[PDB]
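Visitor: Protein chains in written order, with the working numbering: chain P, 14 to 140; chain G, 14 to 140; chain F, 14 to 140; chain W, 14 to 140. For every residue, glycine included, the Cβ atom is placed at its ideal position computed from N, Cα and C. I am attaching a structure below and will ask some questions about it afterwards.
There are 4 protein chains.
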Amino acid sequence: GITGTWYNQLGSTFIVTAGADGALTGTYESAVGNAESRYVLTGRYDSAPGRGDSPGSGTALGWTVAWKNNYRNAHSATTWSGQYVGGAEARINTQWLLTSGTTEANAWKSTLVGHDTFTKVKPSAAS
Amino acid sequence: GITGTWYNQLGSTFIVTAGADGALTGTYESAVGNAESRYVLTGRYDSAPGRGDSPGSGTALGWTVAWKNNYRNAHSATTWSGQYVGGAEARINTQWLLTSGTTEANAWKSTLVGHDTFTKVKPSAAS
Amino acid sequence: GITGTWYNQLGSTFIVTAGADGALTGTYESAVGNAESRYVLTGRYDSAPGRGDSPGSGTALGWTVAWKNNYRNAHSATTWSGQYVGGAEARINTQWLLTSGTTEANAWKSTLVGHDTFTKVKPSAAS
Amino acid sequence: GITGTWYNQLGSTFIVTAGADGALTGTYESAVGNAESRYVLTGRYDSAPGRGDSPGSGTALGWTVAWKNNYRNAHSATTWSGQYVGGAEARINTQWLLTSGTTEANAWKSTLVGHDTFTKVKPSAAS
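Right, here's the structure in full:
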């Protein structure tokens, strides 16, 4: 379900393997098709999401990307927290926090918040 | 700096190894001293935090815990996003998101937000 | 004449000191006002540009920026070759070469060419 | 790798030190064996050329020589832009721009372009 490639609605993609131990491992590409925009991803997911009181519930998950690779260091990291929903219309609905390293005086403004909806498909076109 | 044990201000602790590749790996113990309250932690940090325009800046990092182990499955995961500050008074200042798997109808209320300040020491007492 | 700040016509600026020995030393800011976009500049200029057969001739100069700093590594370097012209309308007219590190198979396409005209002033506005 | 002496295929040589900060510093000798043909060289190189998407890529670099010393002033400067390739057959493949100071009317013809391939060895013979 979760293993594979995901697209947000803004130009980014990631590939992830969801392992039997609850691990998420992959790569996040902040600009689709840009091979220099790839960063390590790591996280965790609920590997036994079934519940009797709440049937049909999504699968909780989270991951982190530190925005450092051989081409960029934004001295920050994003974490996404969300849930996977399967079915015809599979998606991962998330909220994210991006924290940048700051001086003490600037710590109050170190963290941005946002949201991303990831889908298995996006509109696409031949070149 | 980051490698070691951290305490929040509410009863939890974690141990982490910060590896040369930017990896964070460890275990999160949601109740100090309770060996059944330990969960896998994984994340990322900025392994080259130095900057000329902003000297003295913290080290960005993030990690995830899915709250599933052999004793509990809360069908949720927390991600913490923050920065490490070193020195006499070392700390990791974070914000967190906890997402629970939900039905579609309840997705609007799937995610809690909070904050944690981690320190290397906490008040402690002999038994 | 050359010592000071220069603006190209596209959003970049640099500051340079032209020393009595023919040295150019400074910093290149690829996006004006963006303190994370600053890179070391170094170069040379003709420190005795006067000529009897060609009075009123510009001052030849060149400099290099490798596009590596604490926030970015584009694995490339630009060199600008040009001349300073003084007067009411001072400018540095340049041509540039940007070479990126490539594999052998791609070496044929490692180098871009362009041009930049630098002036001491650009249109500017209050915030 | 880069530090040392380099020969082009036409009679010139230079010596360069590549410093940990990304600096290039040395001397360019436009005629091998002619001690009056030496000029200051300065430049920059990519001090962390490794890339995951492009393994085996060259090292981007550039430098400038203003053609003024105690014996000559050609009222011009050359910049070379290129990449270092290591290995058995080490080389620096470059393109260059030579700009001469000109009057305004002649500015259109102020800049020559060419290419130089530098190697660590050249054919040589006893006297």
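Quick one: what's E42 of chain P bridged to in DSSP?
Guide: Answer is P:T26 and P:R51, bridged to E42 of chain P.
Visitor: Using a Cβ-Cβ distance cut-off of 9 Å, determine whether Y41 of chain F contacts chain G.
Guide: No, its Cβ sits nowhere closer than 9 Å to a Cβ of chain G.
Visitor: Within 9 Å of any Cβ in chain P, is that where the Cβ of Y84 of chain F sits?
Guide: Yes, its Cβ sits closer than 9 Å to a Cβ of chain P.
Visitor: Is the Cβ-Cβ distance between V53 of chain W and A79 of chain W less than 9 Å?
Guide: Taking 9 Å as the Cβ cut-off, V53 of chain W and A79 of chain W qualify as a contacting pair.
Visitor: Using alpha carbons as the reference points, say which of P:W76, P:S50 and P:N86 lies closest to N106 of chain P.
Guide: Answer by Cα proximity: P:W76.
Visitor: List the whole-angstrom C-beta distance separating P62 of chain W from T72 of chain W, where the pair is believed to meet the contact cut-off of C-beta under 8 Å.
Guide: The pair is a contact, with the Cβ atoms about 4 Å apart (cut-off 8 Å).
Visitor: How would you list, in chain order, the residues of chain F whose beta-carbon sits under 7 Å from the beta-carbon of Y20 of chain W?
Guide: Those do not exist, as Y20 of chain W stays about 19 Å from chain F at its closest Cβ, beyond 7 Å.
Visitor: If we ignore side chains and look at the alpha-carbon of each, how far apart do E102 of chain G and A87 of chain G end up?
Guide: Spanning the two alpha carbons is a distance of roughly 33 Å.
Visitor: Identify each residue in the region 36–65 of chain P for which the Cβ-Cβ distance to at least one residue of chain W is less than 8 Å, and report them in chain order.
Guide: The residues in question are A48, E49 and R51.
Visitor: Cα separation between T130 of chain W and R104 of chain W?
Guide: Going by the C-alpha atoms only, they are around 7 Å apart.
Visitor: Taking Cβ-Cβ distances shorter than 8 Å, what residues in chain P pair up with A87 of chain F?
Guide: Correct list: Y84.
Visitor: When the Cα atoms are used, what is the spatial distance from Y41 of chain W to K81 of chain W?
Guide: If you take the alpha carbons of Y41 of chain W and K81 of chain W, they lie about 11 Å apart.
Visitor: Provide the residue(s) that pair with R104 of chain G in DSSP beta bridges, ordered along the chain.
Guide: For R104 of chain G, which the question treats as bridged, DSSP gives the partners G:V98 and G:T132.
Visitor: My understanding is that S123 of chain F touches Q96 of chain W, with C-beta atoms under 8 Å, so please give their C-beta distance in whole angstroms.
Guide: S123 of chain F to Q96 of chain W, Cβ: 6 Å. Contact.
Visitor: Specify the secondary structure class of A120 of chain G as computed by DSSP and reduced to three states.
Guide: Correct three-state label for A120 of chain G: helix.
Visitor: At a CB-CB cut-off below 7 Å, which residues of chain W make contact with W76 of chain F?
Guide: Those within 7 Å of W76 of chain F in chain W are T77.
Visitor: Does DSSP put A31 of chain P in a helix, in a strand, or in coil?
Guide: Of the three classes helix, strand and coil, the one that applies to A31 of chain P here is strand, per DSSP.
Visitor: I'd like to know whether the C-beta of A90 of chain F is nearer than 9 Å to at least one C-beta of chain W.
Guide: Closer than 9 Å: yes.
Visitor: Determine, for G69 of chain G, whether the minimum Cβ-Cβ distance to residues of chain B falls below 9 Å.
Guide: As a matter of chain content, chain B is missing from the structure shown, whose protein chains are P, G, F and W.
Visitor: Have a look at W:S60, W:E49 and W:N47 and flag the residue whose alpha-carbon is nearest the alpha-carbon of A36 of chain W.
Guide: Ranking the options by Cα distance to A36 of chain W, first place goes to W:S60.
Visitor: Measuring CA to CA, which of G:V98, G:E49, G:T38 and G:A31 is closest to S25 of chain G?
Guide: The candidate whose alpha carbon is nearest that of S25 of chain G is G:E49.
Visitor: Taking all protein chains shown into account, decide if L125 of chain P is buried (16 or more other Cβ within 10 angstroms of its Cβ) or exposed.
Guide: The residue in question, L125 of chain P, is exposed, as its Cβ has fewer than 16 Cβ neighbours within 10 Å.
Visitor: Kindly indicate which residue of F:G14, F:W19 and F:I15 has the alpha-carbon position closest to the one of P136 of chain F.
Guide: Closest by alpha carbon: F:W19.
Visitor: Report the rounded CA-to-CA distance for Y84 of chain P versus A118 of chain W, giving the unit in angstroms.
Guide: Approximately 43 Å, taken between the alpha carbons.
Visitor: Using alpha carbons as the reference points, say which of G:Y58, G:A33, G:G65 and G:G127 lies closest to residue 5 of chain F.
Guide: In the structure as shown, chain F begins at 14 and stops at 140. Residue 5 of chain F is therefore absent and cannot be evaluated.
Visitor: Who are the near neighbours of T92 of chain W in its chain, counting only those whose CB is closer than 6 Å to its CB and skipping five residues on each side?
Guide: Around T92 of chain W: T77 and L110.
Visitor: Our contact map puts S94 of chain G next to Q108 of chain G with C-beta atoms below 8 Å; I'd like the distance itself, whole angstroms only.
Guide: At roughly 6 Å, the Cβ-Cβ gap stays under 8 Å, so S94 of chain G and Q108 of chain G are in contact.
Visitor: Where do the N-terminal and C-terminal ends of the beta strand (DSSP E) with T72 of chain P fall, by residue?
Guide: Per DSSP, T72 of chain P belongs to the beta strand (DSSP E) from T72 to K81.
Visitor: Would you call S43 of chain W buried or exposed, if buried means 16 or more other Cβ atoms sit within 10 Å of its Cβ?
Guide: Buried, by the Cβ-count rule.
Visitor: What in chain G is Cβ-close to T115 of chain P, meaning under 8 Å?
Guide: Neighbours of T115 of chain P on chain G, chain order: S67, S70, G71 and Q96.
Visitor: Whose C-alpha, out of P:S113, P:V98, P:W121 and P:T115, is nearest the C-alpha of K133 of chain P?
Guide: Ranking the options by Cα distance to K133 of chain P, first place goes to P:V98.
Visitor: I want to see whether chain P comes within less than 9 Å of residue 196 of chain G, judged by CB atoms only; does it?
Guide: Past the edges of chain G, shown from 14 to 140, lies residue 196 of chain G, and the structure says nothing about it.
Visitor: By the criterion of Cβ-Cβ separation under 7 Å, what are the contact partners of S123 of chain F in chain W?
Guide: The contacting residues are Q96.
Visitor: Would you mind working out which of G:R57, G:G39 and G:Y58 sits nearest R51 of chain G, comparing C-alpha positions?
Guide: Checking every option, the nearest Cα to that of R51 of chain G belongs to G:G39.
Visitor: Starting from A103 of chain W, find everything on chain F with Cβ-Cβ shorter than 7 Å and list it in chain order.
Guide: The contacting residues do not exist; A103 of chain W stays about 13 Å from chain F at best.
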